[PDB]
Amino acid sequence: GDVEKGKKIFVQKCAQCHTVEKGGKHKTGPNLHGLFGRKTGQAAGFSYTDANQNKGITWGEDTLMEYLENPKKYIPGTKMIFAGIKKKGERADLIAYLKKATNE
Ligand code: HEC
């Protein structure tokens, strides 16, 4: 994936609901710092659905690749109202961006 392309995707498709930085605010969706290795539904201070709390997976490259294609298919009942990113390359770029931005 291409980090710079992924940054642009994040701004267009994600940033209205999510921050990535350490100490960034929860918004409509949870702050995503530490995403890689985070268990579903475990960010303190965010009110998740039971569906997101109970999915029982660890976020990382492949679980994110699947989720982001079609969130509701991966986590039925999620309150993340986002249809998905259909192009594999776009998902890969976004994930590469997230891997950097959620760790910095
Ligand atoms: C607002 C309209 C959203 C947009 C646009 C995106 N996300 Fe989101 N996300 C949102 C909510 C309300 C939640 C919680 C859902 C629930 O059912 O409780 C989420 C959740 C995620 C998660 C899971 C995080 C966890 O701690 O388990 C991830 C990884 C995530 N969102 C990522 C993400 C990305 C990368 C987006 C752009 C493609 C994106 N979301 C858009 C709300 C909104």
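One is the number of the first residue; the rest follow in order along the sequence.
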Within a radius of less than 6.0 Å around [atom1] of [X], do more than 12 heavy atoms belonging to other residues, nucleotides or ligands occur?
X     : atom1 : answer
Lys27 : NZ    : yes
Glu21 : CD    : yes
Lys79 : NZ    : yes

query = Are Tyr48 and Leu32 connected, step by step, through hydrophobic side chains (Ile, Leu, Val, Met, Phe, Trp, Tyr) whose heavy atoms are closer than 4.5 Å?
reply = no

query = Does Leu94 share a hydrophobic cluster with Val3, counting links as ILVMFWY side-chain heavy atoms below 4.5 Å and allowing steps through other members?
reply =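 Yes, one cluster joins them.
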
inquiry  = Could you go through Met80 and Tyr67, starting from their C-alpha distance and side-chain angles, then the distance that decides it, and tell me whether this counts as side-chain contact (heavy atoms from CB on, under 4.5 Å)?
reply    = CA-CA 11 Å; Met80 175 166 140; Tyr67 178 60; 3.2 Å; yes

Short side-chain donor-acceptor distance under 3.5 Å, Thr19 and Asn31 =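 Present: a donor and an acceptor within the cut-off.
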
ask   = Just one of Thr63, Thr40, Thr49 clears the side chain to side chain contact (heavy atoms under 4.5 Å, CB included) bar with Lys55, so which one?
value = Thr40

query = Can you name the side chain to side chain contact (heavy atoms under 4.5 Å, CB included) partners of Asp2, sequence neighbours left out?
reply =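 Per chain and number, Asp2 pairs via side chain to side chain contact (heavy atoms under 4.5 Å, CB included) with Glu4, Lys5, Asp93.
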
note = The side chain to side chain contact (heavy atoms under 4.5 Å, CB included) partners of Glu66 (sequence neighbours excluded) come to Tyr74

inquiry  = Strictly distance-based, threshold 3.5 Å: is any side-chain N or O of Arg38 a donor or acceptor partner for the main-chain N or O of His33?
reply    = yes

message = Checking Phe10 against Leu98 for the side-chain contact (heavy atoms from CB on, under 4.5 Å) test, could you report, in this order, the C-alpha distance in whole Å, the side-chain angles of both residues, the deciding distance, and whether it holds?
response = CA-CA 8 Å; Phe10 185 87; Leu98 292 168; 3.8 Å; yes

With rounding to the nearest 0.5 Å, note down the distance linking [atom1] in [X] to [atom2] in [Y].
X     : Y     : atom1 : atom2 : value
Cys17 : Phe82 : SG    : CZ    : 9.5 Å
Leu68 : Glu90 : CG    : CD    : 12.0 Å
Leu64 : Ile57 : CG    : CD1   : 7.5 Å
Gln42 : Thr58 : CD    : OG1   : 10.0 Å

message = Determine whether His18 and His26 satisfy the following criterion, side-chain contact (heavy atoms from CB on, under 4.5 Å), listing intermediate values before the conclusion.
response = CA-CA 7 Å; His18 292 281; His26 294 316; over 6 Å; no

